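# Examination of the molecular architecture
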Amino acid sequence: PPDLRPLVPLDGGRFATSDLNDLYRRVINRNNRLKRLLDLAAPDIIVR
Amino acid sequence: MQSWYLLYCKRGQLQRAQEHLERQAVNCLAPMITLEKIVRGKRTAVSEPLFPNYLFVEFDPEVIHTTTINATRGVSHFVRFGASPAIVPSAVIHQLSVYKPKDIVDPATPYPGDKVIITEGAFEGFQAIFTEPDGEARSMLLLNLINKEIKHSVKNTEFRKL
RNA sequence: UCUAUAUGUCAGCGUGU
DNA sequence: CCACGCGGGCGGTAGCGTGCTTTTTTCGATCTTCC
DNA sequence: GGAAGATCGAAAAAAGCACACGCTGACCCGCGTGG
């Protein structure tokens, strides 16, 4: 849940981001890239 | 003998790595397609590669060492399984040379006549039907009011695809 | 007590032990 | 010169590290013991 | 006479390293890309 990984305001106009958010973003980006590559009928080495 | 290897390149540095490798006189292959991207809202015809951030370099390790290619500017790392770097068979290279698809890309999601959500200005958070950039930096949409939708041109960077 | 004032870590220290 | 939006080890046409103790797991080399 | 199990020292990986409090600084993506 987002509250357990809050995006606390930085009081200077920025946002302090927890490491869990970065890990989730990386996982989501990798999953989306793999989905696109699979939908593109990519060869064996690239998809592996 | 010359062999094929797969290289992961840095984000947006494929071209620079390509020129650097061509400077070192090693043959390289990368899928290439010219098509219509939106590019921050301005519908333009430019070239992007299939399987982004990937290159196929044909070279002999005897002539030039693997670590030299690994240290080439613009190249992130060799695509390796296990300790040794992966070897791309010639059949895959042939298929890639015949591999010619026509598709679209995620930045190119909004094409003529589809649903686009405006999230800025006096019309923030609404849905419209987008058809065409007029000129380059001006795109119009079927802006929706309480009664009906009317065509009107708004700034390109304000709206995003659903 | 959701009545004020409502972040985190890293580094350097110091205090009582 | 004012946003911006995704890979990320960094940077480079290589190498960076480098002053603890205890417990657990596994491996190469041997061995040794037999059926 | 070769395989099986076995064992034994050595190498690699994992987990831990007291409590409480007070203070300071230093961030809390950078960069090729785009307009």
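Residues numbered from 1 in each chain as written, not as in the entry; some residues may be left out. Chains lettered and ligands numbered in written order. Part of a larger assembly, values for the part shown. Heavy atoms only, no water.

Deposited coordinates in this entry are attributed by the record to cryo-EM, at a stated resolution of 3.4 Å.

### Side note on the nonpolar core
For soluble globular proteins, the rule of thumb is that nonpolar side chains tend to be buried together. Core analysis: the biggest nonpolar cluster contains 19 residues, and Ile46(A), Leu6(B), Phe51(B), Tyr54(B), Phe56(B), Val79(B) and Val88(B) have the highest contact counts within it. Counting only elements with at least two residues in this core, the list comes to helix 2 (44-47) of chain A together with strand 1 (3-9), strand 5 (54-59) and helix 3 (90-97) of chain B. If we ignore the near neighbours within four places in the chain, the residues touching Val88(B) are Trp4(B), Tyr5(B), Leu6(B), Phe56(B) and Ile93(B). Grouped together as the second largest cluster of nonpolar side chains are 16 residues, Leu14(B), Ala17(B), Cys28(B) and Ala30(B) included. (Core = buried A, V, L, I, M, F, W, Y, C linked by side-chain atoms within 4.5 Å. Buried < 20%, exposed > 50% of the residue type's maximum accessible area, 1.4 Å probe, protein only. Helix = DSSP H or I, 4+ residues; strand = E, 2+ residues; numbered from the N terminus. Contact = heavy atoms within 4.5 Å.)

### Some words on the sheet that holds strand 7 (residues 114-118) of chain B
Residues and elements named next belong to chain B. A sheet is described by the order of its strands in space; here five strands give the open sequence 10-9-8-7-11, paired in antiparallel fashion. In this open sheet, the two strands that pair with only one neighbour each are strand 10 (149-155) and strand 11 (159-161). When the angles between neighbouring strand axes are averaged without regard to direction, this sheet yields 45°. As paired elements, strand 8 (residues 126-134) and strand 9 (residues 138-144) share three bridges and run antiparallel to each other. Bridging from a neighbouring strand, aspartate 134 pairs with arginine 138 of strand 9. (Pairing = 2+ DSSP bridges. Axes fitted to C-alpha atoms, helices over the stretch in contact; angles between N-to-C directions.)

### Some words on the interface of chain B and chain A
At the interface, 15 residues of chain B touch 11 residues of chain A. Summing both sides of the interface, chain B and chain A together bury roughly 1,200 Å²; the carbon and sulfur share of this comes to 67%. For chain B, the biggest contributors to the area lost against chain A are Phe51(B), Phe81(B) and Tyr99(B); these three give 39% of the whole. In this structure, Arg36(A) engages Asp106(B) in a salt bridge whose closest nitrogen and oxygen atoms are separated by 3.5 Å. Along the contact surface separating chain B from chain A lie three residue pairs in polar contact. (Buried area = accessible area lost by both parts, 1.4 Å probe. Salt bridge = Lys/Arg side-chain N within 4 Å of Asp/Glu carboxyl O. Polar contact = N/O pair within 3.5 Å; in protein donor to acceptor, adjacent residues only side chain to side chain.)

### Thoughts on the protein's contact with DNA strand D
Of all residues adjacent to DNA strand D, which total 20 residues, the nearest are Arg25(A), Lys10(B), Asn70(B), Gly74(B) and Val75(B). Within 4 Å of the protein, the atoms of DNA strand D are drawn from sugar and phosphate moieties in a proportion of 36%. At 3.0 Å from a base nitrogen of DNA strand D is found a side-chain nitrogen or oxygen belonging to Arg26(A). Backbone polar atom of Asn70(B) to a base nitrogen of DNA strand D: 2.6 Å apart, as the coordinates give it. For the surface near DNA strand D, the secondary-structure elements that each account for two or more residues are helix 1 (19-39) of chain A together with helix 1 (14-23), helix 2 (66-70) and strand 6 (75-78) of chain B. Among the elements that make up the surface near DNA strand D, the one with the highest residue count is helix 1 of chain A (five residues). Among the residues making up the surface near DNA strand D, the classes are represented as three nonpolar, eight polar and nine charged. (Near = heavy atom within 4 Å. Nonpolar A, V, L, I, M, F, W, Y, C, P; charged D, E, K, R; others polar.)

### Describing the pairing of strand 1 of chain B
All names here are of chain B. Of all seven residues in strand 1, seven are buried; the element is thus mostly enclosed. Residues of strand 1 alternate between two faces, with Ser3, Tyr5, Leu7 and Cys9 on one and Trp4, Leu6 and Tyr8 on the opposite face, all of them buried. Direction of pairing for strand 1 relative to strand 6: antiparallel, over a ladder of three bridges. Paired with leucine 7 across the bridge in strand 6 is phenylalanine 78.

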